[PDB]
Amino acid sequence: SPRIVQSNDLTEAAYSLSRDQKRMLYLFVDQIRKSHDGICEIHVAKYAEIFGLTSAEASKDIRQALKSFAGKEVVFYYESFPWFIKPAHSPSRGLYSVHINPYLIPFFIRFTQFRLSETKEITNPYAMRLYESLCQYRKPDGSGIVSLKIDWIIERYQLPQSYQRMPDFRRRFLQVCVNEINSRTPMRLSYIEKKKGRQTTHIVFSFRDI
DNA sequence: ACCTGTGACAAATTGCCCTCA
DNA sequence: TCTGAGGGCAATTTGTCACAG
DNA sequence: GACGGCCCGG
DNA sequence: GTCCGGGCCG
Ligand SMILES: [Mg+2]
Ligand SMILES: [Mg+2]
Ligand SMILES: [Mg+2]
Ligand SMILES: [Mg+2]
Ligand SMILES: [Mg+2]
Numbered sequence: 015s016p017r018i019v020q021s022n023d024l025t026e027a028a029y030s031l032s033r034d035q036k037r038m039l040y041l042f043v044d045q046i047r048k049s056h057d058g059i060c061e062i063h064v065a066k067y068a069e070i071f072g073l074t075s076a077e078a079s080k081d082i083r084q085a086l087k088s089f090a091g092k093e094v095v096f097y109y110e111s112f113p114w115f116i117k118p119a120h121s122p123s124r125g126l127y128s129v130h131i132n133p134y135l136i137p138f139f140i145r146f147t148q149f150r151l152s153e154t155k156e157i158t159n160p161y162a163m164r165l166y167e168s169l170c171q172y173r174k175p176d177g178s179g180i181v182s183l184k185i186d187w188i189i190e191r192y193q194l195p196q197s198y199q200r201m202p203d204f205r206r207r208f209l210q211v212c213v214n215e216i217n218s219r220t221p222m223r224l225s226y227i228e229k230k231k232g233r234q235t236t237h238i239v240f241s242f243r244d245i
């Protein structure tokens, strides 16, 4: 399946995207990389076959993701850009044409890489973010270990405000996304908490490949 | 005040179904 | 007939906060 | 809608 | 009987 590669600056950027939008974004990065001006395209029926959707639900996902890009911004730590500089539009039935901010090109191409089949069954977008950040530290053989700071996780993945309370962070984000990765990717993930006084400050992730 | 977990409720998202150009 | 653009749904997951200990 | 392949009239 | 361009139907 297609080999996604991306600059670590994108892996570590601060933004808020849905699952459907992240799925589309992987294909944009792939199109761009095979070369330019920044104009990309998406076909409904190919999208449907890639992610095992019907044509109808594919159409619904593309259309609403596309209208949900408006006003979205990307921050590279500290410079913010919009993803799109023109509305999406359809020249032909079943075909969408998109105008990515050409100023984003160099941020796409010290790098992270993974095959698309590794992530295409993940449902929760925060788990996609986590699996990307872990891939950034992976070894040829397939293992790695990394310590991520909680405040940096919250700022980078733009987690919602109630997850500033640690028990909610545990219950609705960490446990769910670790259990997702272990069930939906070829990765096998464990973790332990690092503390300072009563506060938990980092999470230490270890993983190997099956 | 700080920390933890759980019970509830609300809001959002998922894979469905159907209909017609 | 095959595609895809619309219009809906119920079950489930995610986001929030009161309260116990 | 868009596309193909069938069957009408001449 | 056959042959061809085109329209409609699925
Ligand atoms: Mg969908
Ligand atoms: Mg889950
Ligand atoms: Mg303290
Ligand atoms: Mg008791
Ligand atoms: Mg007390």
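Reading the first sequence from the start, the letters are residues 15 to 49, 56 to 97, 109 to 140, 145 to 245 in UniProt numbering.
Backbone N, C-alpha and C define an ideal beta-carbon position, used for all residues, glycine too.
### Query
Where do the N-terminal and C-terminal ends of the alpha helix (DSSP H) with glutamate 156 fall, by residue?
For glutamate 156, no alpha helix (DSSP H) encloses it, and the DSSP letter there is neither H nor E.
### Message
Does the structure place the segment 210-217 close enough to the segment 158-167 that three or more beta carbon pairs sit under 8 Å?
### Response
Yes, since at least three Cβ pairs between the segment 158-167 and the segment 210-217 fall closer than 8 Å, the two stretches touch.
### Query
What residue does the beta strand (DSSP E) around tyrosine 226 start on, and which one ends it?
Run containing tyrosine 226: 222-231, per the beta strand (DSSP E) assignment.
### Query
For the candidate residues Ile185, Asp81, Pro16 and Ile216, whose alpha-carbon lies nearest to that of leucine 41?
The residue among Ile185, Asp81, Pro16 and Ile216 with its C-alpha nearest the C-alpha of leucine 41 is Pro16.
### Message
If distances are taken between C-alpha atoms only, which option among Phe89, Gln196, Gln148 and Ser79 comes closest to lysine 174?
### Response
Answer by Cα proximity: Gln148.
#### Entry: Spatial distance of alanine 68 from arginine 223 (CA atoms)
For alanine 68 and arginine 223, the gap between their C-alpha atoms comes out near 28 Å.
### Message
When you compare the segment 174-184 with the segment 57-64, are there three or more beta-carbon pairs, one atom per stretch, that lie closer than 8 Å?
### Response
The answer is no - the segment 57-64 does not touch the segment 174-184, with fewer than three Cβ pairs under 8 Å.
### Message
Helix, strand or coil, according to DSSP, for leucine 194 in the structure here?
### Response
In the three-state DSSP reduction, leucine 194 falls in the coil class, being neither helix nor strand.
### Query
What do you get for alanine 65, buried or exposed, if any count of 16 or more other CB atoms within 10 angstroms of its CB means buried?
Exposed, since its Cβ has fewer than 16 Cβ neighbours within 10 Å.
### Message
Just checking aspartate 34 against ligand 1 - is the residue's beta carbon closer than 8 Å to any of the ligand's heavy atoms?
### Response
True, at least one ligand heavy atom lies under 8 Å from that Cβ.
### Message
Once DSSP output is grouped into helix, strand and coil, what is the label at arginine 124?
### Response
Three-state result, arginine 124: coil.
### Query
Which residues does DSSP pair with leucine 183 in a beta bridge?
In the DSSP output, where bridge partners are listed per residue, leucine 183 has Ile238.
### Query
Between the segment 188-197 and the segment 17-32, are three or more C-beta pairs nearer than 8 Å?
Result yes; three or more Cβ-Cβ pairs closer than 8 Å.
### Query
Between which two residues does the alpha helix (DSSP H) harbouring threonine 147 extend?
Bounds of any alpha helix (DSSP H) do not take in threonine 147; it lies within the beta strand (DSSP E) bounded by 146-150.
### Query
Below 9 Å between beta carbons: does that hold for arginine 47 and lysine 155?
Taking 9 Å as the Cβ cut-off, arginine 47 and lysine 155 do not qualify as a contacting pair.
### Message
Just to check my reading of the structure: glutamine 35 and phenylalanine 89 have Cβ atoms closer than 8 Å, yes? What is that Cβ distance to the nearest angstrom?
### Response
Right, the Cβ-Cβ distance comes to about 7 Å (below 8 Å), so this counts as a contact.
### Task
For the alpha helix (DSSP H) containing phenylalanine 96, list its first residue and its last residue.
It is not in any alpha helix (DSSP H) - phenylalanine 96 instead sits in the beta strand (DSSP E) that spans 93-96.
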